[PDB]
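1. Part one of the assembly, not moved from where it sits:
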Amino acid sequence: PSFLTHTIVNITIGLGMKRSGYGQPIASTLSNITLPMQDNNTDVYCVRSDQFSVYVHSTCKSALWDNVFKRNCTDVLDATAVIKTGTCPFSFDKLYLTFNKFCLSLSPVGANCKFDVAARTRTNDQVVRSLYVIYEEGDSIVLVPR
C-alpha cells in the first residue's frame, strides 16, 4: 500500500464585529485571517503534498468606534466565519476536486479567482475579506473534503 501525504490547511479566521448605529450587527472588514506558516511567513500557502483537506477555525471579537477588539461577541453580535463560494468554479462545501497546483493567498496579486470569507451572523451573511486562490488544474494533487 503506497503512502500518501495529506495536508490539513488550518486556515483560521479571526472575525471582528461591531454594533451599528441602528443597533445592527455589522461585520468589520478589519477582521484578521491567517494561513499556515510556510518557508516565508504567511500571506501565502501552497499545497505541496498528494492531497489536502481544508479546515476553517473561526473566532470572533467585538469593538467600539475605537476599532480595538477585546471583548468577545456577546450577541445579536455573535457570528462565525464561513468561506463562501466567490468567483471560483468550485467550493469547499462538502459534496472531491483535483488540481495540479493549489495556493491560498491574502494578496490579490498573482491570482485566478477568490473566495469570500464572511461572518455568519443570526439572519445575515456579511462578506468581510477575500481569500485569493492560485490554481492550475490537473490530476496530481487531490482535495478531500471534511
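-> All right, it came through fine. Numbering: from 1, shown residues only, chains lettered A, B, ... in the order given.
2. Any buried residues in the longest strand belonging to chain A, and which?
-> As assigned by DSSP state E, the longest strand anywhere in chain A is strand A:124-143. Buried residues in strand A:124-143, counted by 16 or more other CB atoms under 10 Å: A:126, A:128-135, A:141-143. Heads up, the C-betas are built off the backbone N, CA and C, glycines and all.
3. TSV please, covering those residues and showing distance to residue A:58.
-> Converted to TSV, those look like this (distance: CB to CB, whole Å):
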residue	distance to residue A:58
A:126	14
A:128	11
A:129	13
A:130	16
A:131	13
A:132	19
A:133	19
A:134	23
A:135	24
A:141	26
A:142	25
A:143	20
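4. Just read off the phi/psi values of the closest residue to residue A:65 other than its chain neighbours.
-> The shortest distance from residue A:65 to any non-neighbouring residue, by CB to CB, 6 or more residues apart in numbering, is to residue A:18 (7.9 Å). Main-chain dihedrals, residue A:18, degrees, to the nearest 10: phi -150, psi 150.
5. thought residue A:18 was touching residue A:28?
-> Yes - between residue A:18 and residue A:28 there is a contact under CB atoms under 8 Å: 5.7 Å.
6. Between the two, which contacts overlap?
-> residue A:63 (CB atoms under 8 Å, 6 or more residues apart in numbering).
7. What is the neighbour count of the closest residue to residue A:67 other than its chain neighbours?
-> Distances taken as CB to CB, 6+ apart place residue A:30 nearest to residue A:67, at 6.2 Å, with adjacent residues excluded. Neighbour count of residue A:30, defined by other CB atoms under 10 Å: 14.
8. How much space separates residue A:30 from residue A:76?
-> 19 Å (CB to CB, to the nearest Å).
9. For burial, what's the neighbour tally of residue A:63?
-> Residue A:63 has 16 nearby residues by other CB under 10 Å.
10. who's in contact with it?
-> A:16-18, A:28, A:69-70.
11. let's see 10 Å
-> For residue A:63, the contact set (CB atoms under 10 Å, 6 or more residues apart in numbering) comprises A:16-19, A:28, A:30, A:69-71.
12. want to throw those into CSV with distance to residue A:121 and secondary structure?
-> CSV is the format used below for the contacts of residue A:63 (distance: CB to CB, whole Å; DSSP: H, G, I helix; E, B strand; the rest coil):
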residue, distance to residue A:121, secondary structure
A:16, 12, strand
A:17, 8, strand
A:18, 12, strand
A:19, 11, strand
A:28, 12, coil
A:30, 16, coil
A:69, 16, coil
A:70, 20, coil
A:71, 17, coil
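13. add chain B to what we have:
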Amino acid sequence: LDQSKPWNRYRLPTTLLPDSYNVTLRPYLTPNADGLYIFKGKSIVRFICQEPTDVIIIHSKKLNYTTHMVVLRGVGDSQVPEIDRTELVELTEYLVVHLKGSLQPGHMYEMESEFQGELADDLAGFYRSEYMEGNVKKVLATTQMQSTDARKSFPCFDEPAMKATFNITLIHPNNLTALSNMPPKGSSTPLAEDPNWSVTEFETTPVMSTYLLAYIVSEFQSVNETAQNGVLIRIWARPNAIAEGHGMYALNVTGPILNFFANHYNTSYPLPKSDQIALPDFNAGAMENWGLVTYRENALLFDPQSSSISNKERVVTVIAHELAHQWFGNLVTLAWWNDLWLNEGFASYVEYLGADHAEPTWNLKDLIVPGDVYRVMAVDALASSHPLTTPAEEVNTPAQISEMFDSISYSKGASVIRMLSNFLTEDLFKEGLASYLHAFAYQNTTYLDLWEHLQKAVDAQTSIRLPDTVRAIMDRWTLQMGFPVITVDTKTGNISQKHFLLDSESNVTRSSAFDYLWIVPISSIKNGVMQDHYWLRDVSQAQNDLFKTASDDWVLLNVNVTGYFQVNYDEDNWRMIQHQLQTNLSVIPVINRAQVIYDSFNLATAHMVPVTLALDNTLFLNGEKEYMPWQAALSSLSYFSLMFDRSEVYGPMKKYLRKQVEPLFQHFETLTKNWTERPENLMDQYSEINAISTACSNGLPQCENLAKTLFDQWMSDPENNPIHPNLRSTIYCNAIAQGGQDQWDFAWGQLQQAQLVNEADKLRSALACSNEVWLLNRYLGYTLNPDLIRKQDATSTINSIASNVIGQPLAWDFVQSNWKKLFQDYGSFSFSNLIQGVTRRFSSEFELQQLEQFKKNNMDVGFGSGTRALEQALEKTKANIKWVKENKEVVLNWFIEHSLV
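-> So that you can see how it sits with the rest, here is chain B on the chains above:
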C-alpha cells in the same frame, strides 16, 4: 515724551550694530522670598560702531542689575572711553549708557552685564508655565520673545533687523532637561557650587534676530527620528504624553514636511536639528523659534483614542505653517513689523502646500478658499478695513507692532500671495522664491526685494507673460484696501469692476491711489472647457468675446477662486449655471460649486442680486456629496436660520433643508455601513459630519434615531463610549434635546468626570440643547458656580444656551438679571463676547426697546470691557430689523415653494 534725544524715540539709532552675544541665565523654579520666582543671567554683547556718538542704547525691559551698571571692554586693539552715568528709560525700553568721551567706526566693543528679572507667568519673554499633572503643580521655564520681549530676558538690540550670533548657556536643576535653538555643545556639567545644579552649554547659533530665540528648562521627554540626511527631529511633550503615542503623529509628518520645504525652497534646512515642544497652556497657537518651535498641546499632540479627524488637520497644518517659517522668516527675515503681512501671509499659504505633501490624499490645498479667502473677504469688504502695506514710519510702539497681526495680514496676505504664485505659474514663482532666499540668507529684506526677484525670473523667461510689472500688479492689491466685484453681461461680453462693500450705502473715506481699481487675473471656464485667460486692466469697464455666450451656454470666472475677487453674472448666466449644477454638476470644479454659493449670498447682501437668487444656488445640493459646497450653503444660510428661527418661515425652511439633506444622509448611511466605519478622505469625513449635523438639527427621523440609539447604547454601558469622536458633538447635542433628565443628568455626570478638554467642551455645549425649560434655567444657575463650571467657560456656556431657541429668553433674562452681581464680582471675563452672543438674535423693534432699556437700567454701573460691544449690539439690531422687514415675505415664499414634493 519730548523727543530730541535718541532715547525718547521708539527706534534704535543706526550708530552701532551687534556682532554676537554670550548669554548665560539661571531659572529658579521654586518660589523665593515672598514666594517669588526669579531667573538670573549675565550677557556679554559685542557691538560694532558704524558712526561715532557718545551714547550707547540697548533694549532692556523689567530687569534689575547690580546697583556701575555695565562694564565696557575694547577687544584688545580698541581704546575704551569711560562711563559717565548709566540711565534706564522704562518707556522706550532702553538701557541708556552715557559716556565721557566718544567711540569711532571699525573698532568693536564688548559690554558685560549681569542681572536678574521676574520669572513671572505672563507667557512673555523669559517666563514660567505652571501645569497640573496628576494633582501636582509642575513648573517649567520657557521663552516667548515675540515681537519684543527679549529685553525682558537680557539686554540686547531687540529689532528683527539687527541679526547676530548667540552663545547660550542654561544653569538648571540637575535632572531637568535644557533646550535651545542649537544642540547642546557637550554634555551637561556639574556647577562649581551647589552641585545639585548642572550646566548645559549650546552650540553657537547662525545669525538670527533675537525674537527667534528660545530656551526651555523642563521635566519633558521626547520621541525622535533621524531623516536620511543627518538632521535630527525630536517631538518634546510631557513625559506621560510621550508614553502613549500622543506625539507620534506630530512626528510622522514632521519629516516629510521638512523635506518638502527643503525642495520647495531649493534650500537645505539651515540647522542641525528640529525640536518641536508641546506646552500645556501656551496661548498664541505656536511660535516658530528657529530650531525649537513651541506649540500649544492641542495643536501638536494627537490621541487616536479621543480626538476627531478635525484634530488631525489642525496638527498637520500648524506644523506646516511653523516649519515653513524656518526658511522664509528666520533665514531671510523681513526688515520691520510693517511688512509682517508678507511673512505670516506667506506661511499662511504654504501651510496647505507642506500639509498636502504629508497627507496627499486629503486635498488640503482647496481648504485655503473657505478657511482663508472668503474668511478674510468678510472683513475686507467694509470701509473699516485697511491695506496690507503700511509705511514703516507708522509702526513704532510695541502696541502698534502687535496690531500688525490682523486677519488681513494673514488671510489676505495668503490669498494675495496664493494668487501671485498662480499667475506666474508655480515653477516660476519658486525660482524667484529661491533666488530671493539665497540672495538674502542671514540678512534683512523688504517685500519689494521679493517682488524684484520674481521679476528677475519672469524677465529671464519668454513663456508666460503679465500685463505690467510684477510690482505694478501687486501694488493694486497690497497698497489699497478691499477687492473688486467682477460683473459680466454674458449677452454682450462687457465687463465691470467695482470696489465691493456689502453695505450698499457706505461712507468709504480711505482715499486710494488707483481709485479702487485692480489689475485682475481672470481665469474662466465655458461649458467645462477651460477658456484662454484674460487680464482686467486698472480700468472700470472692458470687453472680450471670452465672456460672451450663445442661447444655451454658460461662462464662469475665477476657477478654484485663485483670484482675490468675487464674480457676479447677468440674471441669465446664473440660471444657466444653475441648470448645469442641476444635471451633471461634475462639470464645474468643486471649489467653484462652493464659490457660486458664497458669492451669490454676499451679492444678495450687497443688493446686487435678489435674495431669492442666492437661494436658487442651493437647489443643486440634493445631488451634492462634497464638503465644500455644502459648507458654503450652511455658513451663508445660518444667518437666516437665526433671523427666522422663531418665525413663520422656520417651518418651510426647516422642511426645505431636510429635503436637500436626506439623499446625502442616505449616501453616507450606506457608504459608511450604517455608521460603523467613517470615510477615509478628510474632506469626505468633514462632509459626513455636516451631513448628520444638518439632518438632525432639521428633524430627519433616521438621524434623530441614530443619535438616540447611540446615546442609549452609551448610558447602557458608560466608560465605554461607542460614539466616534467625529460624531460626538452632533449625537450629544441631539440625544439630550430628544430626551429628558435621564440623559441630561448623565451627560452632566460624564462632564464632571471628563478630564480631556475636547470632550468637556462637546458635552458642555450639548447640555445646552435640552428642550426642557427647567433644565436650561437650572443649567443657567450652575453657570455662575466656579465649583461646577469654570468662569472662563461661563460666558461660553451661557450664550451657548441662548443659541437654543427655547433658551433664548431664559439666557436673556438671566444675563440682564444677574448683571450687577456679575460686574460687581466677576468684573478678564469677556463681558462683551456675552452680550453679543445673547442679543445676537434681536431683530424686532420690541427687542430693541428691551436692549435699549438694559443699557439705561445698568447705566449708573457702566459696562466697559465691552460697552462698544453693547452699543454695537444695538447697531446689529437696526440692521437686523431692516433686513427682516425687507427680506421676510420673499424668503418665506421661496422656502414655502421649494419644499413641496
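14. quick recheck of the neighbour count of residue A:30 now chain B is there?
-> 15 (other CB atoms under 10 Å in any protein chain shown).
15. That one against residue A:62, yeah?
-> No - under the criterion of CB atoms under 10 Å, residue A:30 makes no contact with residue A:62, lying 11.7 Å away.
16. what sits in contact with each of those two?
-> Jointly contacting residue A:30 and residue A:62 under the rule CB atoms under 10 Å, 6 or more residues apart in numbering or on different chains are A:15-18, A:69.
17. Mind picking the two most distant members of those?
-> A:15 and A:18 (10.9 Å; CB to CB).
18. between these two, who's got more neighbours?
-> Taking other CB under 10 Å, residue A:15 and residue A:18 do not tie; residue A:15 has more neighbours (29 against 24).
19. picking that back up, can I get the shared contacts of residue A:30 and residue A:62 in CSV including distance to chain B?
-> Conversion of those to CSV gives the following (distance: CB to the nearest CB, whole Å):
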residue, distance to chain B
A:15, 14
A:16, 11
A:17, 9
A:18, 6
A:69, 13
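20. and the closest residue to chain B within chain A, helix, strand or coil?
-> Per CB to the nearest CB, residue A:21 is where chain A lies closest to chain B, at 3.3 Å. At residue A:21, secondary structure determined by DSSP: H, G, I helix; E, B strand; the rest coil is coil.
21. How many neighbouring residues does it have?
-> So residue A:21, with other CB under 10 Å, has 27 neighbours.
22. contacting residues for the residue lying closest to it once chain neighbours are set aside?
-> Spatial nearest neighbour of residue A:21, excluding adjacent residues (CB to CB, 6 or more residues apart in numbering or on different chains): residue B:675 at 3.3 Å. Listed by CB under 10 Å, 6+ apart, the contact set of residue B:675 reads A:20-22, A:24, A:26, A:65, B:668-669, B:688, B:692, B:706, B:709-710, B:723-724, B:727, B:731.
23. now the residues you listed: which count as buried?
-> Those of the contacts of residue B:675 that meet the buried threshold are A:20-21, A:24, A:26, A:65, B:668-669, B:688, B:692, B:706, B:709-710, B:723-724, B:727, B:731, by 16 or more other CB atoms under 10 Å in any protein chain shown.
24. before we move on, what SS does residue B:850 have?
-> Residue B:850 - assigned by three-state DSSP - is helix.
25. Okay, residue B:756 and residue B:728: tell me how far apart.
-> Taking CB to CB, one finds residue B:756 at 12 Å from residue B:728.
26. Show me the common contact partners of the two, please.
-> In contact with both residue B:756 and residue B:728: residue B:762, using CB under 10 Å, 6+ apart.
27. And the two? Which one has more around it.
-> residue B:728 (20 against 11).
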